[PDB]
Amino acid sequence: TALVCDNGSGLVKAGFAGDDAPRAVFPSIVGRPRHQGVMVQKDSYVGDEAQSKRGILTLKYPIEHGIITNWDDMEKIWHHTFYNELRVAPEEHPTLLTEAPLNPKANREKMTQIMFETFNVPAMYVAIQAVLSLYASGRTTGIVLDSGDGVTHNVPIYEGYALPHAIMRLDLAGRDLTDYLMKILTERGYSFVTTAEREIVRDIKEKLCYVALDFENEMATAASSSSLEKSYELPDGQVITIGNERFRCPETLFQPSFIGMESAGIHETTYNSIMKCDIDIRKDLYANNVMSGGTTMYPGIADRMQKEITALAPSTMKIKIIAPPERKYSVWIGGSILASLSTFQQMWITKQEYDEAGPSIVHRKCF
Amino acid sequence: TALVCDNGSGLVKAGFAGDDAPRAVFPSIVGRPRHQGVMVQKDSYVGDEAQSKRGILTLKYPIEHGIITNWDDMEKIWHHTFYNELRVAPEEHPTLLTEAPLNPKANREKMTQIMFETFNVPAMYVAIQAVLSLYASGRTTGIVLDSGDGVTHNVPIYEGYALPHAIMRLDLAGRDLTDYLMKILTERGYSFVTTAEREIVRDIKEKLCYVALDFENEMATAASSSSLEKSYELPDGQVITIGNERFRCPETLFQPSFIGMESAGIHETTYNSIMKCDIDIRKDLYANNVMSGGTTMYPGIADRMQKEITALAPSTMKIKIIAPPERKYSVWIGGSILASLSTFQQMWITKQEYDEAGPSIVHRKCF
Amino acid sequence: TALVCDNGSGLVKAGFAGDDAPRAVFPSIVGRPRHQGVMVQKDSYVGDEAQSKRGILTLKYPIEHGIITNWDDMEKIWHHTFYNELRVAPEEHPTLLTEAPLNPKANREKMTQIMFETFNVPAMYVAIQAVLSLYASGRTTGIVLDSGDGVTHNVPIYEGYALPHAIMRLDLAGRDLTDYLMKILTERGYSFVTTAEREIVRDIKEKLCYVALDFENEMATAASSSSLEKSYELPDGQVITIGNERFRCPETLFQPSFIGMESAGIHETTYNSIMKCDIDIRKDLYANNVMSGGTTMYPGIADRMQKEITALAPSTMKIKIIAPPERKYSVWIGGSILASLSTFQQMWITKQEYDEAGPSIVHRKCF
Amino acid sequence: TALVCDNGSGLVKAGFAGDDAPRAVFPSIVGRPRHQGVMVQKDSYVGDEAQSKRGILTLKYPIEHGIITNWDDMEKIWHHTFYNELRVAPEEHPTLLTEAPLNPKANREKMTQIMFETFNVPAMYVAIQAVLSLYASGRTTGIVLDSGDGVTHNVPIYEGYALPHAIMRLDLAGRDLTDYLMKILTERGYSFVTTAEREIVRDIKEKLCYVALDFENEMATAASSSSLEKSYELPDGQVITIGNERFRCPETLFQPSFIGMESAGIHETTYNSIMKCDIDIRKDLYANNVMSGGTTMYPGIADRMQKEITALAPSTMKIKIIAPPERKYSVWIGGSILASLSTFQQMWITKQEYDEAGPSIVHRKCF
Amino acid sequence: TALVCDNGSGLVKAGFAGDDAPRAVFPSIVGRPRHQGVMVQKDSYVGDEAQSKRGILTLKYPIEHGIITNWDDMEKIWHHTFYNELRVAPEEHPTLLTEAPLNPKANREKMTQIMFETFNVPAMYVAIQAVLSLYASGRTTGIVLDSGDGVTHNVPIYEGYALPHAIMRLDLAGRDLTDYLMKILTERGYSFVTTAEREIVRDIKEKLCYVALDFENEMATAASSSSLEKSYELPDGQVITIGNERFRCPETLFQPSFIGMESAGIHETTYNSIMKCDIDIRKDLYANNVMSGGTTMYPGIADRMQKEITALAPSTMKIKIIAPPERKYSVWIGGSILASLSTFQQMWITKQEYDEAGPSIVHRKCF
Ligand SMILES: Nc1ncnc2c1ncn2[C@@H]1O[C@H](COP(=O)(O)OP(=O)(O)O)[C@@H](O)[C@H]1O
Ligand SMILES: Nc1ncnc2c1ncn2[C@@H]1O[C@H](COP(=O)(O)OP(=O)(O)O)[C@@H](O)[C@H]1O
Ligand SMILES: Nc1ncnc2c1ncn2[C@@H]1O[C@H](COP(=O)(O)OP(=O)(O)O)[C@@H](O)[C@H]1O
Ligand SMILES: Nc1ncnc2c1ncn2[C@@H]1O[C@H](COP(=O)(O)OP(=O)(O)O)[C@@H](O)[C@H]1O
Ligand SMILES: Nc1ncnc2c1ncn2[C@@H]1O[C@H](COP(=O)(O)OP(=O)(O)O)[C@@H](O)[C@H]1O
Ligand SMILES: [Ca+2]
Ligand SMILES: [Ca+2]
Ligand SMILES: [Ca+2]
Ligand SMILES: [Ca+2]
Ligand SMILES: [Ca+2]
C-alpha cells in the first residue's frame, strides 16, 4: 500500500492510501532544550512530544512558507513520521508527497534525493496540494483556494486541465496570522514572545477568531458593547479577554496591508485568477470555488468570500463557495484518492528511473 | 563506596552512598575554652563534644549563610567527620559535597582544593542542595524550597532542567529565627546572650514554635487567653513560659520585616520564582512545591504555604505542597541516591583532571 | 511654551521646548519609609530626594518595561516634575509625552486622562521615543535603536515614513542588565539585595562596564591576568574589585540567553528589522543605524554593533553606526525640536477635542 | 508643666520640662537599719538620706540592669521624688519616664499602672533613653552609645528613623565596673564588702579611673614606675594608693572577659550595630557616634573609642565621637526637650485611654 | 621528694608529697613570755610547745584571715616546720604552698622571696586551697566550699576550668566563731579573755558545737528542756554547762549578722556562686558541692547545707553535698596528689627563673 504524507508548514498529515482520514497528525516542529540539565533526556524532540515539553524547549519549524529551510530537521520529522507515528518500513511503500505550486525547484529535488537515498522508498511522487483538494471534492472543474500555515495559493482547473499562468501564490497564511495576533494582543497588555508562547496564541486563534461579514460595521459593534468579548484561560490559569482582535486577525486575509504586505486579499486574488482564465470557463469557476486548508476554517469565511467575490463578479454570475466540513484534511484525502487510482500506478517515480536520471527526474514527471 | 557529606550552616550530615539515612549528624560548631584551666583538656572541641561542654566554651559556626567563613575551623569539622564520626580513610572514597546556589565561587574552589590536597580524596563533586532534594522525592519536576540554618533558596526544575534565572536565594533561615527568638524572649524577662545560651534558644524553637494559619487571628487568641502558652525547663531547672512567641518566631519566614529585611516572605518568593518560569511549566510547578530542610519542619508550615500560594496563584491552579516527614534529611538522602547512580560515575571530578586544571575545574564540571 | 516630558522607565527628562538640554533629570522612583519613626518626615519621597534617603526607604519604579504599573505613584512623579522640578503651572503649557512602541493601549489612554483631568493641560501629545531620536540626529531616514532602562526597540524610518511591521521591541534594557550584574556579583562574594543596593549596582554598571569587541577573546584575557580588573568604593568605604563582570553584564545585550531569554541580541534584532523592510531602502538603513538611550552608552558598543551587523549584512553594504555623544538625551532633544516646529502646532490633542471624544482620541491622533 | 523623671539604675534625674538641668539628682537607693535601735528613726531611708546614714544601713537598689526588681521600693523612690525632692503634686503634671530598650514588657506596664493608680498622673509616656540622648545633641541622625549604671545600649537612628533590628543591649555598665574594682582592690589588701563600702568604691572609680589609649602599653608603664599611682583618703582617714587598677577597671568596657562575660566590648558592639544597618547610612553613623551616660565620663574614653572604631571601619570613613561635657544628663535634657515640643503633646498616654485599655496601652503608644 | 606545706590561719599541715596524711599538724602560733623569769627558757615558743606553755605566754597568730600579718613570726613557724617537725633540709625539696583566693598580691610575693632567699628551696609553687580540695575528692567538676580558721571561700570548677568571676570569699571562719562563742559564753557567767583562754574556747567549740537543722525549732527545744545541755571540764577542774550556745555558735555561718556582718551565709554564698556560672554547668555544680576545712566538721552541717541550698535551687535539681570524713585535711591531701603528678613537674617555679624575674614570677606562673 502507498503512503500519503502531506508535509505542511504547520502540521504533518500522514497515513495510508485508501483510508478516509490521516492516521498521524502532529505539529511539524523540532524542539531542543534551552536550559541546562541537572538530573542525571534527548537531544531534540519532534512533533507532539516537543509540544508537550515546549516550556523548556526552543521550537523550530523546518518548513517556512512551504519551503524546507532546515533539511536536517526535516529528516528528523520524516523519520519520526515513518517509524514512530505510522510505524512502517519506508522501503516497501510508495510515498506520495505534496508541495505548494511555484516553489523553488531544489525543494522537490532534495525531497526526491532524501526519499530515495535516506529512506530508500521504492517509488515516490510529488503532487500539488490544490490539485489534491479537487480530488477530495469529487470535482474535475474548479478554482481551489488552499490556505495552510505557510502558503495561500489559487489553482484554477477546468475539465482536469490546470491553467498554470493563472496560478496565484501568496506567502500569507496561518503562521502570519498567528504572528499578527501576537502583535495586537500587546494592545491589551498580553505579552507572548517565546516560540512556546506562539503555540498558545495559535490555540487562541483557532478557538476565538472569526471572519466578520462587514469589518467596519463589526468594528463599531465591538467599540460600543462587550457582546463580542470572549475569555480564554492560559495554561497557567490566567484568564485573558479579547474583543475586536477576534475578527481583526483573520481580516488580514482580506486586507494584507495590516501586516505591511502590498498584495491583494484572498478574494481579489481569487477573482484575479479567474480573470486570467479564458472567458469561456469563468462561469464554471465562479460556481466552483473550493476552499481547503486550516486557514479556511474560520467561522464566516465562506460567507465573506461569497460576499466579496459577488461584488467583483458580474451580477448575472452565480458565485458558489464550496467549503466542506472536513476541508482541513482535503489535501491528504485527495492524495489518498489519487494514490489509490489504478490510472495513477504508472505515474510513480520508481527507484530504477531515479538511478539513471538523478533527482532531476522529478521535474519531468511531476507537475 | 562514595561518601555523602552535607555541610550545612547548622548541622553536618555525613554517611555512605546507598544508605537511607546519614550515619553522622552533629552540629557544625567549633568550641574553644574561654576560662582558665586550673586542674593539670583540648585546645578546641568539635561537634557533639563542643555541645556537651558548651558551658565553658565559646561556640563558633565556621559556615554562615552557606558560606564558609573560617577555613581552619571548617577543616577541623571535616577532619572530625571523616576520622571520628565515619571512621574512614578519605583517600579511598569519592566525596559528594553540597552547596547552596548563588554562592561565591571561591567557596567551592577552596572546598575542592582542601578535599584534594588536605584529605587527598580520589574524586569529589559539589552538588546544589535543592537539586538533591528533588532526587530524594523521586521527582524530575518541581520547585524546591530548601531552608536550613543559613539559606532559604528556591530552585524550579522541569523535566530535569533547571531554570537558573528563576533561582531565588534568601539569606534568612534557621539561625536568623533563633536570633529573633532570643530578642523577643527578652519581652518576658528571659535573657540569653552567650553562644551557649543561643543553643538553648534553638532547642526551644524546635520544640515549641509553630506556624499560625492566620497570624493576626492567632495574635488575638494569644492575647485573650493562655491556651497557647507552653512551658519549657531550662538546663538549670528554671521553667520559662512563652505564649505568642511560639508563632511570632516562624512568622518571620513570611514577614521578613520582623528582623528588618526588605525581602518578601517565602511564599511570595516561591510565587515570584514560578512567575519567572515559562508559562507552559507553571502548572506543573504549582502542583509540585517540594519543601526540605530543618526550617520547614515547623508544624503548620505546609498548610500556611498552601494557603498563601493559593491566594497568589490563579484560582484554577491546583497548589500542592510536598512536605515529606523525613524532609530534614532530603538533601543527604538525595545525595545518597545521586552518588549511587551508574550514570553519575562519569560526573566525578577526579584527582587526575584536578592536577591539570587546578581548583577551577569545579566550575566547568559542577552546577 | 510647550513642555517636553520624557518619562523613561529609569529617569524623568523634563524641560521646555526650544531648549537644547532637559532642565530636570531625576530618577523615576517613589520611596516610602520601611522603618519606624522615633523622632517627633513625609509619607513618601520622589526622585532625587528618595535617592538620597534610600537607606531607610523601599524604592519603587512606577514604570516597568515602558509600562506604567502604578498610576498613583506615577501621578506623584508627574506632580513632582511640574511643581517642584520645572516649577510651572501645567494648565498653561502643552505637554509632549513619550512612549515606547507596541505598548498597551490603556497606557497612553490613562496618560491622556490624567493630563487632561488631573493636571488640566491645554493640549498634549504622545510621541514614539525612537521617532524623536531621529529628529535629534537631524535625519529623515534611518533605523533607530533606542535602549533605555525598560525597553530596547528598533524603528526603521525612510524619508519620514515608518515601517510599522518592521518595528521590533525587546523587553530587555538597563534594568535587566542591573539585575544580572547583581546576580553575577555574588560570584565574588558581594551581596546586593535591597532596592537601595540595586541603585549602587546601577552606579557600578555605569562606571565600570564596557562592551568587549570579541567576547570569547576578552574572557581569555580576563582569565590570564588582572589587567581588566578595576576597583570601586562602596558608600560605606568598602572597596570591591570586578574583572570579567565588567563586560559580561553588557554582553547580555548581544546574548540574551545569559538571563534566560530566547530572543536574539540587539545586533540580530536590528538586522531582522532591516530585512523586514523593502529591499530598495535597506542600503540607506544600513548606513544610518542611529543609537540612542542610556543603555547605548557603554564604551565599545558602537564598534561591537558595527562588527556584528557587518558580519550579517552583505559585504558590499556600508554599515555605519551613528552614536552621538549626547545620545542619552536624544529622545528629549528630539521632542524639544518636534514641539517647536510650526508644522506640529496642528498635531496637538486639545482639551476641546478631548471633551467630545474621551481619552480614546489619543489613538487616532498619535502614532 | 510636664515632669521628666529619668529613673536610672544608679541615679534618679528628675525635673520640669523646659529646664536645662535636672532639679533633683540623688541615688536610687533604699536603706534599712541593720542594727538595733537603743535610743528612744525611720523604717527606711531613700536617696541622699540613705547615703549619709549608710554606715548603719543595708543599701538596696530597686533597679538592676534597667529592670525594676523591687516594686515596693521603687514606689518609695518615686514618692520621695515627687513629694520630697520636686515638692509637687503628681495629679496635675504629665510625667515622662525613660527606659532602656529590649526591657521586659511587664516593666513598663507596671510603671504605667503605678503612675495612673498610685500617683494618679493625668498622662504619662515612656521613652527610650538613647533616643532622648539624640534630642539633647540637637541631631536627627546618629548611633547613640548610652551607658549608665545598669545597661549599655546602642541605638542607630537615621533621619529620625530607628533601626530596631540593629539595637544592641549589653548588661554591663557602671555597677559591674564598681563590683570589678572592688574585686581587684583586694590585690592591694583593701577589703570592701558591705553595700555601704560599695558606695566608697564607686566614688574611687569616679575620681581616679581613666581609660588607657593603649592598654598593654599602659600596663608596662604602671609596672615600671609609680607615675600612675594616686592616693585616695577613705572616710575614716585611711589613705589607699592604686596604680594600674585606675585603668584596668574601665578596660572591662572594652574587654568584658575581665568579668567573665562572652560579649564583645563597646567598640565592637558599636561597630556591629553600624554593620547591621543599611550600607547607605553607615557613613553618617560613623561620623555621629554620640556618647551619653555616666559610664562614658571616664577621661580618655572618647579617644579610645575613636581609635578602636577607626581600626574596625574602612580607612576612608571619618570616625567622629560626639562626647558632650554634659553627657551625664543627656537623657534628662533630651526628655526635657521632647516633653516641651508642641508636636509631642498628642503622644501622651492620657488617663482616659488608660481606663479603656488597661496598662497594655503603653505598648501601642510608646517605642 | 616534694614538700607540701598547708599554712592555714589556724594549723600548719606539713608533710611529703605522695603520703596520704600530713606528717606534722600543729597550731600556727608563736608564744612569748608575759611574766618575769626568776629561776636561772626561750625567747619565744612555736606550735605545740607554745600550746603546752600557754599559761605563761601571750599567743599570737601570724596569719589572720589567710593573710600573713607578721612575717618575722611566720618565718619562725616555717623554720619550726622544716627543721623541727619534718626534720628536713629545705634546700633539696621543692615546696608546694597554699593560699586562699583573692589574697593580696604581696602575700604570695613575700612567700616566694622567703622560700628562695631564706630557706633556699630549689623550687616552689603556690596553689589555691579550694582547687587542691577538688584533687583530694578525685573530681574535676564541682563547687568547693573550703572553710578553715581564717577564710571561707567558694571556687566553682567545671571540667578542670575555674570560673574566677564566680569565686566568692568570706572573711568569716573558725576564728570568728571562736570569738563569738567566747562572747555568748559570758551569758552564763563564764569569762574567757586571754589568748590562752581563747584556745580553751576553741576546744569547747570543736567538742560540743553542732549545726541545727532548724534553728528556730532548736531554740524552742533548748528553752523548754535541758536535753541539749552538755558539760565540759576546764583544765583547772571547773565544769561548765552550755545549752543553746552549742548550735548558736555555728549558726553564725548561716546568719553572719550574729557577729555584725552584712554578708550572706555560706548557703546563699554557695548559691550565688553557682548562679554566677554559665547556665549549662549549674546542674553539675548543684550535684557536686564539695566541703573541706575544719569549719565544715560540725555535726549536721552537710544536712543543713543540703536543706538550705535545696530551698534556693529549682525543685528539679539534685543537690548533693560531698562531705568526706577526712575533709579536714583535704587541702593537704590534694596538694600531696598535685605535687606527685608527672604533669605538674613542669609547673614548679625554679630558682633559676626566680633569679631572672624576681618575686613577681609567682603571678604569671601560679593561679
Ligand atoms: N479552527 C481553525 N480556525 C482558524 N485557523 C485554524 C483552525 N484550525 C487550524 N487552523 C490553522 O491552519 C493552519 C495549518 O493548517 P493546515 O491546513 O494543516 O496547514 P499545513 O498543511 O500548512 O499544516 C495553522 O496555522 C492553524 O493555525
Ligand atoms: N522541628 C523543628 N522545628 C523548627 N526548626 C527546626 C526543627 N528541627 C530543626 N530545625 C532547624 O533547622 C535548622 C537546620 O536544619 P538543616 O536542614 O540541617 O539545615 P543545615 O543543613 O543548614 O544544617 C536549624 O536552625 C534548626 O533550628
Ligand atoms: N554610562 C552608562 N553606561 C551604561 N549604562 C548607562 C550609562 N548611563 C546610563 N545608563 C543606563 O541607561 C538606563 C536609562 O537611561 P535612559 O536612556 O534615560 O532610559 P530611560 O528613558 O528608560 O530612563 C539606566 O538603566 C542606566 O543604568
Ligand atoms: N566621672 C565619672 N567617671 C566614671 N564613671 C562615672 C562618673 N560619674 C558617674 N559615673 C558612673 O555612671 C553611673 C551612672 O550614671 P548615669 O548615667 O546617671 O546612669 P543611671 O541613669 O543608670 O543612673 C554610675 O555607676 C557612676 O559610677
Ligand atoms: N570537729 C570540729 N568542729 C568544729 N570546728 C572544728 C573542728 N575541728 C577543727 N575545727 C576548726 O577548724 C578551724 C581550722 O581548721 P583547718 O581546716 O585546719 O583551717 P586552717 O587551714 O585555717 O588551719 C579551727 O578554727 C578549728 O576550730
Ligand atoms: Ca497544506
Ligand atoms: Ca542544608
Ligand atoms: Ca527612554
Ligand atoms: Ca540612664
Ligand atoms: Ca586552710
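Each residue's number is its place along the chain shown, starting with 1.
For this deposited structure, the header notes the method as electron microscopy, 2.2 Å.
Note that Cβ sites are derived from N, Cα and C of the backbone, with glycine treated the same way.
Cβ neighbours within 10 Å of D:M39 (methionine (R)-sulfoxide), excluding its own Cβ and spanning all shown chains: 4. What Swiss-Prot records for D:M39 is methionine (R)-sulfoxide.
Residues or ranges marked as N6-malonyllysine by Swiss-Prot on the basis of similarity to another entry: D:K53. Remark: D:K53 (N6-malonyllysine) has D:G31, D:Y45 as non-local neighbours, by Cβ distance under 8 Å and separation of at least 6 in sequence.
According to Swiss-Prot, the tele-methylhistidine annotation covers D:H65, on the basis of experimental evidence. The Cβ of D:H65 (tele-methylhistidine) has D:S9, D:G150, D:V151, D:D171, D:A173 as same-chain neighbours under 8 Å, each 6 or more residues away in sequence.
Less than 8 angstroms from the CB of D:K76 (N6-methyllysine) sit D:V30, D:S44, D:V46, D:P62, each of them six or more residues away in the same chain. What Swiss-Prot lists as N6-methyllysine is D:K76, and the listing cites similarity to another entry.
Annotation source Swiss-Prot lists ADP-ribosylarginine at D:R169, citing a curator's inference. Taking the Cβ of D:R169 (ADP-ribosylarginine) as reference, residues of its chain lying under 8 Å away and at least six apart in sequence are, in sequence order, D:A100, D:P101, D:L102, D:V151, D:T152, D:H153, D:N154.
The region 'Interaction with alpha-actinin' annotation in Swiss-Prot covers D:102-115 (among others).
According to Swiss-Prot, the region 'Interaction with alpha-actinin' annotation covers D:350-362 (among others).
In the deposited coordinates, D:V40 and D:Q41 are the last and first modelled residues around 3 missing ones; Cα to Cα they measure 9 Å. Secondary structure at D:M39 (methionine (R)-sulfoxide), as computed by DSSP, is coil. According to DSSP, D:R169 (ADP-ribosylarginine) sits within a strand segment. Residue counts for the region 'Interaction with alpha-actinin' (D:350-362) under DSSP, split into helix (H, G, I), strand (E, B) and coil, are 10 helix, 1 strand, 2 coil. In the region 'Interaction with alpha-actinin' (D:102-115), helix, strand and coil residues by DSSP number 11 helix, 0 strand, 3 coil.
According to DSSP, D:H65 (tele-methylhistidine) is assigned to coil rather than to any helix or strand.
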